[PDB]
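J.: Let me begin by handing over the structure; questions about it come next.
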Amino acid sequence: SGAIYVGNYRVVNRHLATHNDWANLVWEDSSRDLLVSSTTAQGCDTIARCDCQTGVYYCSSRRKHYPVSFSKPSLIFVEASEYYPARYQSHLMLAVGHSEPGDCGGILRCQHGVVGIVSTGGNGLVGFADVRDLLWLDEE
Ligand SMILES: NC(=O)[C@H]1CCCN(C(=O)[C@@H](CCc2ccccc2)c2ccccc2)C1
Ligand SMILES: [Zn+2]
């Protein structure tokens, strides 16, 4: 579990959005596993605007922040699960690191800000849904 809070936005994994998030929807993309909902209060997160491939992510299954190298956002094959059929997930970055399903929502950060949130994994790999191309998160 976990979310990004920037301005009047809550960014969460689409497969984990609560009923309250759907009743206050801004934008969603099934192919990226992202959903953005409106918030009454202002958030403090700054989104990174860069091409960094090294950062630190939070892993709830180990209660640890791990430094990692990660790939460029890409269309990656994600196996069928209870949340989606077998498909290509876009804007996904992989890293060698421990991750388990309950780790989704963990933030990945670089020196510039929030890069993305855990969305996939397994096999000593962890995948992050990128949010750095969502330039509109920095306005209104
Ligand atoms: N974005 C998605 O479509 C997610 C939805 C939840 C499930 N997804 C994952 O990647 C799972 C592992 C799936 C798996 C298990 C066993 C064998 C082959 C695959 C996972 C593991 C670790 C961290 C986060 C998620 C896909
Ligand atoms: Zn950066």
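Neighbour counts are summed over all protein chains in view; Cβ atoms, including those assigned to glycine, are modelled from backbone coordinates with ideal geometry. Here, each number is a calculation from the coordinates, and none is a lab measurement.
J.: Scan segment 21-36 and report the pairs whose first residue is part of a helix (DSSP H, G or I) and whose second residue is surrounded by fewer than 13 Cβ atoms within 10 Å (Cβ to Cβ), with Cβ atoms within less than 8 Å and a gap of 6+ or a chain change.
T.: Within 8 Å, the pairs are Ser31/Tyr88.
J.: Would you point out which residue out of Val78, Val56, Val68 is more than 21 Å from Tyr9 (Cα to Cα), of a type in the set (A, V, I, L, M) and more than 16 Å from ligand 1 (Cβ to nearest atom)?
T.: Checking each option against the conditions leaves just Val56.
J.: Is it fair to say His112 is in contact with a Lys or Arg (Cβ under 7 Å, 6 or more places away or on another chain), within 16 Å of ligand 2 (Cβ to nearest atom) and of a type outside the set (S, T, N, Q)? Give the derivation first.
T.: Numbers: in contact with a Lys or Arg (Cβ under 7 Å, 6 or more places away or on another chain): yes; within 16 Å of ligand 2 (Cβ to nearest atom): yes; of a type outside the set (S, T, N, Q): yes.
Spelling it out, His112 is indeed in contact with a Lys or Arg (Cβ under 7 Å, 6 or more places away or on another chain), within 16 Å of ligand 2 (Cβ to nearest atom) and of a type outside the set (S, T, N, Q).
J.: For the subset of segment 32-71 comprising residues that are among the charged types (D, E, K, R) and away from ligand 2 (no atom under 16 Å from the Cβ), which member is surrounded by the fewest Cβ atoms within 10 Å (Cβ to Cβ)? Even if it seems obvious, please write down each step before you answer.
T.: Quick first cut of segment 32-71, residues among the charged types (D, E, K, R) only: 32-33, 45, 49, 51, 62-64.
Adding the requirement that they be away from ligand 2 (no atom under 16 Å from the Cβ) leaves 32-33, 62-64.
Working: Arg32: 21, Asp33: 25, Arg62: 13, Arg63: 7, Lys64: 10.
So, considering only residues that are among the charged types (D, E, K, R) and away from ligand 2 (no atom under 16 Å from the Cβ), the one surrounded by the fewest Cβ atoms within 10 Å (Cβ to Cβ) is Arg63.
J.: A follow-up question, please. How many residues does segment 88-109 contain that are away from ligand 2 (no atom under 16 Å from the Cβ), buried (at least 22 other Cβ atoms within 10 Å of the Cβ) and not acidic (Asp, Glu)?
T.: 5
J.: Mind listing whichever residues of segment 59-82 are touching a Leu at 6+ places or on another chain (Cβ under 8 Å) and either of a type in the set (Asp, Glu) or at positive phi (or both)?
T.: none
J.: Can we say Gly97 is more than 8 Å from ligand 1 (Cβ to nearest atom) and more than 14 Å from the chain's Cα centre (by Cα)? Walk me through how you get there before you give the answer.
T.: Numbers: more than 8 Å from ligand 1 (Cβ to nearest atom): yes; more than 14 Å from the chain's Cα centre (by Cα): yes.
Judged against the criteria, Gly97 is a match.
J.: Also, quick follow-up: Cβ contacts < 7 Å: first residue surrounded by fewer than 21 Cβ atoms within 10 Å (Cβ to Cβ), restricted to segment 117-140; second residue basic (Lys, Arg), any location; separation 6+ or different chain. Result?
T.: From residues that are surrounded by fewer than 21 Cβ atoms within 10 Å (Cβ to Cβ), there are no pairs.
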